[PDB]
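# Residue-level structural notes
The primary structure of each chain is shown beneath.
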There are 2 protein chains.
Amino acid sequence: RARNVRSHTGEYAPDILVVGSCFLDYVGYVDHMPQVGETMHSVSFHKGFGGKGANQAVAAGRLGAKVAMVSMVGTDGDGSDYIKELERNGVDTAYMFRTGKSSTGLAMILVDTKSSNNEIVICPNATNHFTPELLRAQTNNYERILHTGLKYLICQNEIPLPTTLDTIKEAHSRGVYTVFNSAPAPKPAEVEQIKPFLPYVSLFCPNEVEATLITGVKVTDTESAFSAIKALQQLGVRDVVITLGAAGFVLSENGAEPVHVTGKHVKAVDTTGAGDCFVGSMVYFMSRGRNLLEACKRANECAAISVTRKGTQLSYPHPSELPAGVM
Amino acid sequence: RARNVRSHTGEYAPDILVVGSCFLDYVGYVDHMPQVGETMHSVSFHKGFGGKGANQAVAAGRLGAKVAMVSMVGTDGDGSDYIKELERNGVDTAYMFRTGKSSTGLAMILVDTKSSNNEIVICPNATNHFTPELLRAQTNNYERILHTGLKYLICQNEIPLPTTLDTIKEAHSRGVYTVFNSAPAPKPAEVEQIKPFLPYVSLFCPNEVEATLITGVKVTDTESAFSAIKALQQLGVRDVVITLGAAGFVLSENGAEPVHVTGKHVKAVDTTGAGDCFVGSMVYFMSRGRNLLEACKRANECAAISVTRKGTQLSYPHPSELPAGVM
Ligand SMILES: Nc1ncnc2c1ncn2[C@@H]1O[C@H](COP(=O)(O)OP(=O)(O)O)[C@@H](O)[C@H]1O
Ligand SMILES: Nc1ncnc2c1ncn2[C@@H]1O[C@H](COP(=O)(O)OP(=O)(O)O)[C@@H](O)[C@H]1O
Ligand SMILES: [Cl-]
Ligand SMILES: [Cl-]
Ligand SMILES: [Cl-]
Ligand SMILES: [Cl-]
Ligand SMILES: [Cl-]
Ligand SMILES: [Cl-]
Ligand SMILES: [Cl-]
Ligand SMILES: [Cl-]
Ligand SMILES: [Cl-]
Ligand code: NA
Ligand code: NA
Ligand code: NA
Ligand code: NA
Ligand code: NA
Ligand code: NA
Ligand code: NA
Ligand code: NA
Ligand code: NA
């Protein structure tokens, strides 16, 4: 067994539960994108650990979070690699489920660095079977994963939507603070299903596109983003944060006058996984007892640092690396 | 340790050594090929076991061959997956080498079923570091893999060419019967490098294009294949087989009159890996004491069975499938 084992007394029960995706990233660097019918060699290849779920768990785990990942992977080597990698990044793997009927989820990513273009084919694989009925059957109807001690849940939109929504609703009903980062952007049928569940979301933390999709409010800038916040409160969300890339974020705590904190000015080299860094860092800081604004200010700093180098998860900071005054 | 362990007395020593490639095939089925900058989902996914080296070993191993694979893969789970798959298909893995510095070799394959088109990006990864110098370092200058009792070596052209050529030369100097299937097709500088080594090749088994490239004879058919055999004999190759797809094969044993055997009349569904099936099966039959012609006739029948099913290694026959008198 690679996975962690729980105690019978819950001595290692997490502060933060992440219920979401784990994908291996198969990154092939190419001189040109393949034409239809073309066979080519890569110039090089990089194996990386992705999935927004894992990314967010790892962001928090790297900062020292008491975080556990709930997901589905294969019984294959990729699954075993991911389970070990999560542990090496401070993420508990006791509720990583494995199926022998599917490969671990992955992305096949082609990168032309010359052109700075990508082509990406997502293969959710095992992830497709990460259903509410399975989750229930494996967790005694969420009992095993939603202990009284649990403070935060993080979900994204990269597993079957009913798993995300049902989990959020259950967690909320037990007084867990629920965090929903609706990424990747919900499709129209997804928006419809999400909206009735927004009263069970403590913190909705979208980007500009996703805020637009949910609210109808076209978000391009601060003023419009504030408008989207109001719309999201009206849909029943308690706390709202909208990330704005290089423009930082806006937020409102429990309906207070919103605030804008602009981005840290840095040299962006690779912004892949920056949002996931922000979300995971944000929840870590809240678990350490900071309020929403204090958390988001520090999350904003961690994500800025992440965009200054390549590597996705590898670009996420550890505490010793951070400039004084972040932790 | 997933790999086999060799004995000190060498009681499990193989008849057939395959020194070549192991590639995982990561196949994403798509409704359309991605355009530059596009992120999309697959409609389904399949993980296959490929690489011409492994394919040829598994074709032999399926028939019961005492075969061993010499190759390099990662310390990654992908590498462990291949090592187990090889064992399950009757291939000894004691001289599989593993590197922590490279991923396991793979191909990233996009298939549009509707349009019957593919895009393939080959990522040799670990394979690119499977050098003569590394091989020698790990095998005490080949002594560990070229035991007295060794009857056959099979090589292809899917690892660094110096590794292939040096291995052939060494094996041949020890009285091993060396088999060289120059696939994929040699490039012009590879042809130049190969020709001086052809006297160390017991059995050169190219397809029509490869034979053309090596000899300068334009090979399209039986009569031009026969001409190519002569040119190959002139370059110092003892035994020649040229495979002709649906038209079967031609051969000459040790300068005897050339023979043509036509292809079996089957409904070709998927010919992927049929050549590898031919070559691997051929050498198994020779290890059982069939002469070249007898062995090639039976290889031709195995390869025929293989084209009647999808899935490359999945299409390679077991002994129960073969008509009377083949085994
Ligand atoms: N170019 C940048 N400079 C500084 N910070 C950035 C930059 N891009 C992203 N960030 C940080 O990452 C957060 C999320 O940005 P976003 O563009 O959504 O990331 P992603 O590339 O993962 O979508 C922002 O709120 C900000 O804190
Ligand atoms: N259409 C076919 N009909 C019968 N046998 C075939 C056919 N295609 C391939 N074969 C068998 O496979 C061998 C190699 O064929 P080839 O076309 O080189 O395979 P590949 O498709 O792997 O390139 C042939 O010598 C023959 O025995
Ligand atoms: Cl496990
Ligand atoms: Cl990584
Ligand atoms: Cl799968
Ligand atoms: Cl609010
Ligand atoms: Cl700044
Ligand atoms: Cl790191
Ligand atoms: Cl091993
Ligand atoms: Cl396979
Ligand atoms: Cl590599
Ligand atoms: Na931790
Ligand atoms: Na980065
Ligand atoms: Na066997
Ligand atoms: Na790895
Ligand atoms: Na065997
Ligand atoms: Na090794
Ligand atoms: Na022809
Ligand atoms: Na004969
Ligand atoms: Na086939």
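Residues numbered from 1 in each chain as written, not as in the entry; some residues may be left out. Chains lettered and ligands numbered in written order. Heavy atoms only, no water. Residues with missing side-chain atoms left out of burial classes, pairs and counts.

The next subject is the overall build of chain A. Along the backbone of chain A there are nine helices and 15 strands. Relative to the globule expectation of 20 Å for 327 residues, the C-alpha radius of gyration of chain A, 19 Å, shows essentially globular dimensions. When contacts within chain A are restricted to residue pairs at least 6 apart in sequence, long-range pairs at least 24 apart make up 69% of them. (Helix = DSSP H or I, 4+ residues; strand = E, 2+ residues; numbered from the N terminus. Rg over C-alpha atoms; globule rule 2.2 N^0.38 Å. Contact = heavy atoms within 4.5 Å.)

All names here are of chain A. Around ligand 1 lies a shell of 16 residues, among which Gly248, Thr271, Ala274, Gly275 and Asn300 are the nearest. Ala274 places a polar main-chain atom, nitrogen or oxygen, 3.2 Å from an oxygen atom of ligand 1. In this structure, an oxygen atom belonging to ligand 1 sits 2.8 Å away from a main-chain N or O atom of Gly275. Burial of ligand 1 by the surrounding chains reaches 80%, relative to a free accessible area of 550 Å². If you list the elements that add at least two residues to the shell around ligand 1, you get α8 (274–287) and α9 (292–307). Per-element tally for the shell around ligand 1: the top contributor is α9, with four residues. The residue inventory of the shell around ligand 1, partitioned by class, reads eight nonpolar, seven polar and one charged. (Near = heavy atom within 4 Å. Polar contact = N/O pair within 3.5 Å; in protein donor to acceptor, adjacent residues only side chain to side chain. Areas by Shrake-Rupley, 256 points an atom, 1.4 Å probe, with all protein chains shown as cover. Nonpolar A, V, L, I, M, F, W, Y, C, P; charged D, E, K, R; others polar.)

So, on to the site of ligand 2. Residue and element names in this part refer to chain B. Looking at ligand 2, there are 15 residues lining it, with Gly248, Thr271, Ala274, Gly275 and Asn300 nearest. The backbone of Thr271 places a nitrogen or oxygen atom 2.8 Å from an oxygen atom of ligand 2. Between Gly275 and ligand 2, the recorded distance is 3.0 Å, taken from a backbone N or O atom to an oxygen atom. Of all the secondary-structure elements, those providing two or more residues to the shell around ligand 2 are α8 (274–287) and α9 (292–307). Split into classes, the residues belonging to the shell around ligand 2 amount to seven nonpolar, seven polar and one charged.

Next up on the list: the UniProt feature "binding site: ADP" (unreviewed entry) in chain A. Residues and elements named next belong to chain A. As recorded in UniProt, the feature "binding site: ADP" (unreviewed entry) lies at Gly248, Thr271, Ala274, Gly275 and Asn300. Considering the C-alpha atoms alone, the annotated residues occupy 53 residues of sequence yet fold into one spot, their largest mutual distance being 13.2 Å. Along the chain, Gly275 falls in helix α8. For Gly275, a relative accessible area of 44% translates into the label partly exposed. Here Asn300 is to be found in helix α9. Setting aside chain neighbours within four positions, we find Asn300 in contact with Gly248, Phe249, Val261, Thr262, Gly263, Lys264 and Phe278. A polar side-chain atom of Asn300 sits 3.1 Å from the main-chain carbonyl oxygen of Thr262. (UniProt positions renumbered as here; feature names shortened; annotations may be inferred. Buried < 20%, exposed > 50% of the residue type's maximum accessible area, 1.4 Å probe, protein only.)

Under the criterion given, the structure shown has twelve salt bridges over all chains. Between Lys47 of chain A and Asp78 of chain A there is a salt bridge whose closest N-O contact spans 2.9 Å. Of the two residues, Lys47 of chain A sits in strand β4 (residues 44–50) while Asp78 of chain A sits in helix α2 (residues 77–87), which places them 31 residues apart along the sequence. Considered together, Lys47 of chain A and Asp78 of chain A belong to a single accessibility category, that of buried residues. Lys151 of chain B is the partner of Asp15 of chain B in a salt bridge, and the nearest nitrogen-oxygen pair spans 3.5 Å. Here the residue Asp15 of chain B occupies a position in the segment before β1 (16–19), and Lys151 of chain B occupies one in the loop between α3 (132–139) and β10 (152–155), the gap between them amounting to 136 residues. Assessed through its relative accessible area of 16%, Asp15 of chain B is described here as buried. (Salt bridge = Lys/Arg side-chain N within 4 Å of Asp/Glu carboxyl O.)

Turning our attention to the side chain of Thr167 of chain B. Turning to its location among the elements, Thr167 of chain B is positioned in helix α4 (residues 161–173). Residue classification places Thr167 of chain B among the buried positions, given a relative accessible area of 0%.

A few words now on a positive patch on the surface. Taken together, the side chains of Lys84 and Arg88 of chain A together with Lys84 and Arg88 of chain B present a region of like positive charge at the surface. Checked against the element boundaries, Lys84 of chain B lands in helix α2 (residues 77–88). (Patch = residues over 30% accessible without salt bridge, like charges linked within 9 Å, V, L, I, M, F, W, Y side chains within 5 Å. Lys, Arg positive; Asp, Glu negative; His and termini not counted. Charge placed at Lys NZ, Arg CZ, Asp CG, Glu CD.)

Once that is clear, we can look at the sheet that holds strand β2 (residues 23–29) of chain B. Strand order across the open sheet formed by five strands is β3(A)-β9(B)-β8(B)-β2(B)-β4(B), with mixed pairing between neighbours. The sheet terminates laterally at β3 (39–41) of chain A together with β4 (44–50) of chain B, the two strands that pair on one side only. Ignoring which end each strand starts from, the neighbouring axes of this sheet average 15 degrees apart. Sheet topology places β2 of chain B next to β4 of chain B; seven bridges connect them, and they run antiparallel. Its bridge partner lying in β4 of chain B, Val27 of chain B is registered against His46 of chain B. Lying over the sheet, α2 of chain B contacts β2 and β4 of chain B, oriented at roughly 60 degrees with respect to β4 of chain B. (Pairing = 2+ DSSP bridges. Axes fitted to C-alpha atoms, helices over the stretch in contact; angles between N-to-C directions.)

On to α2 of chain A, then. Most of α2 of chain A is tucked away: nine of the eleven residues are buried. Among all positions of α2 of chain A, only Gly77, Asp78, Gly79, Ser80, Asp81, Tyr82, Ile83, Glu85 and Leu86 of chain A are buried.

Another aspect to go through is α2 of chain B. Working note: α-helix, 3.6 residues per turn, so residues spaced by three or four point in the same direction. Residues and elements named next belong to chain B. Taking 1.5 Å as the rise per residue, α2 with twelve residues should run 16 Å; its terminal C-alpha atoms sit 17 Å apart, in good agreement. When you tally the buried positions in α2, you get nine out of twelve residues, the bulk of the element. In the stretch just after α2, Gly90 is the one whose phi turns positive, near 85 degrees. (Expected span 1.5 Å × (residues − 1).)

Quick look at the interface of chain A and chain B now. Where interface size is quoted, it is often the accessible area lost as the parts come together. Residue-level contacts link 34 residues of chain A with 34 residues of chain B. Interface area for chain A against chain B, summed over the two sides, is near 2,600 Å², with a carbon-plus-sulfur share of 64%. For the interface between chain A and chain B, the tally reads one salt bridge. Scanning the region where chain A abuts chain B turns up 16 residue pairs in polar contact. Every element with two or more residues in the side of chain A that touches chain B is listed here: β2 (23–29), β3, β4, α2, β8 (106–112) and β9 (117–123) of chain A. For the side of chain A that touches chain B, the element with the most residues is β9 of chain A, which contributes seven residues. Of the residues contributing to the side of chain A that touches chain B, the split by class is 17 nonpolar, eleven polar and six charged. As judged from the three bridges shared by β9 of chain A and strand β3 (residues 39–41) of chain B, these two strands associate in the parallel manner. Looking at β3 of chain B, one finds that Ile120 of chain A is bridged to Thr39 of chain B. (Buried area = accessible area lost by both parts, 1.4 Å probe.)

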